[PDB]
Amino acid sequence: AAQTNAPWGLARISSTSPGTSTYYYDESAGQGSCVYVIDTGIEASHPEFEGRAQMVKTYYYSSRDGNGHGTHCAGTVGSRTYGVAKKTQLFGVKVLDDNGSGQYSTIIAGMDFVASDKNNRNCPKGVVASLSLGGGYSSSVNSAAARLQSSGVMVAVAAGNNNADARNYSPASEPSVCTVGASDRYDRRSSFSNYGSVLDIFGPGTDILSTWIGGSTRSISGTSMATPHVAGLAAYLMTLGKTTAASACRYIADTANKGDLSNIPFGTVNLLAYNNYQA
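Residues numbered from 1 in each chain as written, not as in the entry; some residues may be left out. Heavy atoms only, no water. Residues with missing side-chain atoms left out of burial classes, pairs and counts.

Its PDB header attributes the entry to X-ray crystallography and lists the resolution as 1.55 Å.

Below, the structure written as structure tokens:
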């Protein structure tokens, strides 16, 4: 399948070179997989989700995305026009308030919730979790992400936007989950993207067009935007049977575009998420 005039990020993950405009992908599109978007919520009503998005848990007086961040992230995972895995099931877990903030105790609870709730869901091709969030180093937050991964979920987390070593941020610094840095459309490291040995992979993160609340769209930037590219790619690959939750991060690193990015500091991987689709 091919999507003409796709957002640059989608074209990027189906090409070996930057600058193209078509997203090439296998028509299975992540059908039968599930991605939990652990964020500010999802506007499940948005036409771009086509009925495939639903809230399953909230930690605040409402389950609505009153911010947009989580809807944008969910859109990059699986919306029809802006999403990597266009037939995946999307589940919303609102651990962040409508200012985009949340306590670590709430984020940990949301992660433990997903580890259990996936046993309530029909996800025959496997389960992914996308965490476009983080703060300073916490052993407890890192452990929560490691438990979620251990329970059989492919965990993808943002490296952070501090232009610093992600070793000092959580859950970015957890070794057993997939930590995602951000690149721009010219294959440069995004100016804000964290870096360091704990990163596993880069994804498109600068000027990413996706869904927004109120049934709209917008382009924003962040490692928050790169993480759902990798999460959706994992769900796409698990539907294709090419990997599993336990191995997807390594498989994506195995099959990434290598050495294509500029301004990668010494000791940080030079790997860019890539679907290696051959029509």
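Participant: Quick question: what am I supposed to make of the packing of helix α3 (residues 104-117) against helix α4 (residues 139-150) here?
Facilitator: Describing two packed helices takes the angle between their axes plus the distance from one axis to the other. Close contact between α3 and α4 brings their axes to 9 Å; oriented N to C, the two are set at 10°. Considering their axes alone, α3 and α4 lie roughly parallel with respect to each other. Of α4, the residues touching α3 (which contributes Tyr 104, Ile 108, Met 111, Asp 112, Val 114 and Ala 115) are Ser 140, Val 141, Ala 144, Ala 145, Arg 147 and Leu 148. In terms of residue class, the contact of α3 with α4 is built from 9 nonpolar, 1 polar and 2 charged. (Axes fitted to C-alpha atoms, helices over the stretch in contact; angles between N-to-C directions. Helix = DSSP H or I, 4+ residues; strand = E, 2+ residues; numbered from the N terminus. Parallel < 35°, antiparallel > 145°, perpendicular 65-115°, else oblique. Contact = heavy atoms within 4.5 Å. Nonpolar A, V, L, I, M, F, W, Y, C, P; charged D, E, K, R; others polar.)

Participant: Is there a simple way to explain the UniProt feature "binding site: Ca(2+) 2" in the chain in this structure?
Facilitator: Annotation from UniProt places "binding site: Ca(2+) 2" at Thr 16 and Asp 260. The named residues occupy 245 residues along the chain; their greatest pairwise C-alpha distance, 8.7 Å, places them in one compact cluster. Note that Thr 16 resides in the loop between α1 (8-13) and β2 (23-24). If near-sequence neighbours (up to four positions away) are discounted, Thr 16 is found in contact with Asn 257, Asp 260 and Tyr 274. Structurally, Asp 260 is set in the loop between β14 (257-258) and β15 (271-272). Setting aside residues no more than four positions away along its own chain, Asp 260 makes contact with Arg 12, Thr 16, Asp 187 and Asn 270. (UniProt positions renumbered as here; feature names shortened; annotations may be inferred.)

Participant: Would you mind showing me how to read the state of the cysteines here?
Facilitator: The term disulfide refers to a covalent linkage connecting the sulfur atoms of a pair of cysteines. Inspection of the entire model under this criterion finds 2 disulfides. Here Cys 34 pairs with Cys 123 through a disulfide, and the sulfurs are 2.0 Å apart. Taking the sign of the torsion about the S-S bond as the criterion, the disulfide between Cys 34 and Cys 123, at about -100°, is left-handed. Of this pair, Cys 34 sits in strand β3 (residues 33-39) while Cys 123 sits in the loop between α3 and β6 (126-131), and the two are 89 residues apart along the sequence. No difference in accessibility class separates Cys 34 from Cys 123, as the two residues are buried. (Disulfide = S-S within 2.5 Å. Buried < 20%, exposed > 50% of the residue type's maximum accessible area, 1.4 Å probe, protein only.)

Participant: How should the environment of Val 198 be read in this particular structure?
Facilitator: Considering the arrangement of structural elements, one finds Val 198 in the loop between β10 (178-183) and β11 (201-204). Taking the C-alpha atoms as reference, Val 198 lies 9.6 Å from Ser 176; in sequence the two are 22 residues apart. Apart from the residues within four sequence positions on either side, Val 198 is in contact with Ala 166, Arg 167, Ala 172, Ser 173 and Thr 179.

Participant: What is the right way to read unusual backbone geometry from this model?
Facilitator: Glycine aside, residues mostly have negative phi angles, and peptide bonds mostly take the trans form. That bond from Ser 170 to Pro 171 is cis: its omega, 0°, falls within 30 degrees of zero. Along the polypeptide, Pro 171 turns up in the loop between β9 (169-170) and β10. Unlike most non-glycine residues, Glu 50 shows phi in positive territory, near 60°. Checked against the element boundaries, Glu 50 lands in the loop between β3 and β4 (53-58). For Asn 263, which is not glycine, the phi torsion reads 55° and is therefore positive.

Participant: What exactly am I supposed to notice about the pattern of salt bridges here?
Facilitator: Side chains carrying opposite charge are able to pair once their charged atoms draw close together. This model, assessed by the stated rule, comprises 8 salt bridges. Residues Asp 112 and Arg 147 are paired through a salt bridge, measuring 3.1 Å at the closest nitrogen-oxygen approach. Highlighted residues: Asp 112 in helix α3 and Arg 147 in helix α4, separated in sequence by 35 residues. Judged by relative accessible area, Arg 147 falls into the partly exposed class, the value being 39%. The partner of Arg 121 in a salt bridge is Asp 117, with the nearest N and O atoms 3.0 Å apart. A relative accessible area of 4% means that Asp 117 is categorised as buried. A cluster of three or more residues bridged by salt bridges with shared partners is formed by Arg 12, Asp 187 and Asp 260. (Salt bridge = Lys/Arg side-chain N within 4 Å of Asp/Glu carboxyl O.)

Participant: In this structure, what is going on with the nonpolar core? I would like to understand it.
Facilitator: Within soluble globular proteins, side chains that are nonpolar generally end up buried alongside one another. Membership of the largest hydrophobic core comes to 44 residues, with the highest contact counts inside it found for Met 154, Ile 201 and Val 230. Of all the elements in the fold, those that place two or more residues in this core are α1, β3, α2 (69-78), β8 (153-158), β10, α5 (223-239) and α6 (248-254). Ranked by residues supplied to this core, first place goes to α5 with 10 residues. Non-local contacts of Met 154, meaning those with residues more than four positions away in its chain, are made with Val 127, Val 128, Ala 129, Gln 149, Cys 178, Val 230, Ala 234, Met 238, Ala 245, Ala 248 and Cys 249. Counting 26 residues, the second largest nonpolar core, distinct from the first, contains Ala 115, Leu 133, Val 153 and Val 155. (Core = buried A, V, L, I, M, F, W, Y, C linked by side-chain atoms within 4.5 Å.)

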